[PDB]
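Participant: Dropping the structure in here first, questions after.
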Amino acid sequence: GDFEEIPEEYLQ
Amino acid sequence: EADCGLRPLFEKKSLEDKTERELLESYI
Amino acid sequence: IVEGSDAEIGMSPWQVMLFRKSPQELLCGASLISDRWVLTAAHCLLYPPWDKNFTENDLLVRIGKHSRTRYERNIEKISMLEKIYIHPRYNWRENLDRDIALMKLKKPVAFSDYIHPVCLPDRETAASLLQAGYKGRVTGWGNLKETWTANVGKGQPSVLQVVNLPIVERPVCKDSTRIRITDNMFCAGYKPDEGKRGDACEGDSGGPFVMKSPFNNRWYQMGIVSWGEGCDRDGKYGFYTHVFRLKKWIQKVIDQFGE
Ligand SMILES: N[C@H](Cc1ccccc1)C(=O)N1CCC[C@H]1C(=O)NCc1ccc(Cl)o1
Ligand code: NA
Ligand code: NA
C-alpha cells in the first residue's frame, strides 16, 4: 500500500 | 525505431548525463 | 538497485514499470523498444515455483516514470497489455535460461521527453560492446539492500535508481555460482578486489542493462535483469539475459507473428 492510487480509468 | 536510443533530454540536445562518461571510459 | 544513485530526469526514458493492479504493487522493471512493444524478463510473468503466472489483465505498464510510488500526472503514461509472449524455451525449472518476454500494448504510447524507446543490438554492436570490463547501466525501483532493520533503516527508493557495472569474464561468472550458466546469460558487477560495489536486487527484475555505443552515441539494451544470489554480495554477480542471443525470437514475435 506504499503506492499512490492510480486513476480509475486504468484499473478498469 | 529510427531514433531509438537517443534521449530527448540528453543526446537530442547534446547534453550528457552525470555518469555516462564512466561507460565511455571503460570501452578501451 | 544496491549502491546506486537517483536517476536524472529523462535519463532512462525507455524504463518501464510492471505494475500489479490488485493489490496495486510494483512487480518488475521492463523497457520500451517501440511505441507498442515492451521487453521484460519471463520470470516477471511466469514463475511456477512462486505460484506466479500473470495474465494480461492482471497487469499495467507505467511508462515515463521517475518517482517509485507517486502517480506522475502529466508525465507517466499507464498502458494496458494486449498480449504476453514468453520465450517457448524459457527454463524456469533450472536456471532461468532464456529469461525473456515481450508485452504488446493495447495502444501505442505517445513519445515525450520522458518516454522514448531504447535500441536493440545488432550482431556487430553486441560483438564490440559485450566485453569483460566494459560497463553498462542498470536501472530500476527495486530494493536498495538485501536486508535492513524494519521501521528503522530504509530499504526502498523514492525514485528510479541507477548503477553502472562492468561486464565480467565468463569463467569468473561461472566460478561464482553453482548454477549452470548458459550462452544466453552474461554476468556483471565489481570483483571484491575492485573498489566499487553495486547490484540489481528484488524488484529490478526485467529491467534493462544498457550500453551507450561509442560508434553512434545511441543506447542499446544488451541485457535484462535476470537473477542473482543475494544482492551486492562479495564474490557474486548479477546475471542478465543476453538480448542479442535471443533477437531472432524477438524478430519472429514482432515481424512475422505480431505485425
Ligand atoms: N535467487 C534466484 C536464483 C535463481 C537463478 C536461476 C534459477 C533459479 C533461481 C533468483 O535470482 N531468482 C529467482 C526467480 C527470480 C530471480 C530473481 O530474484 N532475480 C532478481 C535479481 C537479482 C539480481 C539480478 Cl541480476 O536479478
Ligand atoms: Na561454478
Ligand atoms: Na557482487
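Swiss-Prot numbering applies to chain C: residues 364-622, in that order.
Cβ from N, Cα, C; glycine included.
Found this in Swiss-Prot, in case it helps:
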type: ACT_SITE; residues: C:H406; note: active site, charge relay system
type: ACT_SITE; residues: C:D462; note: active site, charge relay system
type: ACT_SITE; residues: C:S568; note: active site, charge relay system
type: DISULFID; residues: C:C391-C:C407; note: disulfide bond
type: DISULFID; residues: C:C536-C:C550; note: disulfide bond
type: DISULFID; residues: C:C564-C:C594; note: disulfide bond
type: DOMAIN; residues: C:364-618; note: domain 'Peptidase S1'
type: CARBOHYD; residues: C:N416; note: N-linked glycosylation site
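Looking at the shown structure, what environment does each listed feature sit in?
Facilitator: Note: C:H406 (active site, charge relay system) has non-local neighbours C:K415, C:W455, C:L459, C:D462, C:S568, C:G569, C:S589, C:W590, i.e. same-chain residues 6+ apart with C-beta under 8 A of its own C-beta.
The number of other Cβ atoms within 10 Å of the Cβ belonging to C:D462 (active site, charge relay system), over all protein chains shown, comes to 30.
C:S568 (active site, charge relay system) is surrounded by 26 other CB atoms, counting those within 10 A of its CB over all protein chains shown.
In sequence order, C:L381, C:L390, C:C391, C:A393, C:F417, C:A464, C:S568, C:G569 make up the list of same-chain residues 6 or more apart from C:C407 (disulfide bond) whose Cβ falls under 8 Å from its Cβ.
In the structure as shown, the Cβ atom of C:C536 (disulfide bond) sits within 10 Å of 22 other Cβ atoms.
The Cβ of C:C564 (disulfide bond) has 24 neighbouring Cβ atoms from other residues within 10 Å, across all protein chains displayed.
Cβ neighbours within 10 Å of C:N416 (N-linked glycosylation site), excluding its own Cβ and spanning all shown chains: 10. C:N416 (N-linked glycosylation site) carries a strand DSSP state (E or B).
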Participant: For the disulfide-bonded residues listed here (C:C391, C:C550, C:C594), which one has the lowest count of neighbouring CB atoms within 10 Å of its own CB?
Facilitator: C:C594
Participant: What is the interatomic distance between the Cα atoms of C:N416 (N-linked glycosylation site) and C:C564 (disulfide bond), given in whole Å?
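Facilitator: That separation, Cα to Cα, works out to 21 Å.
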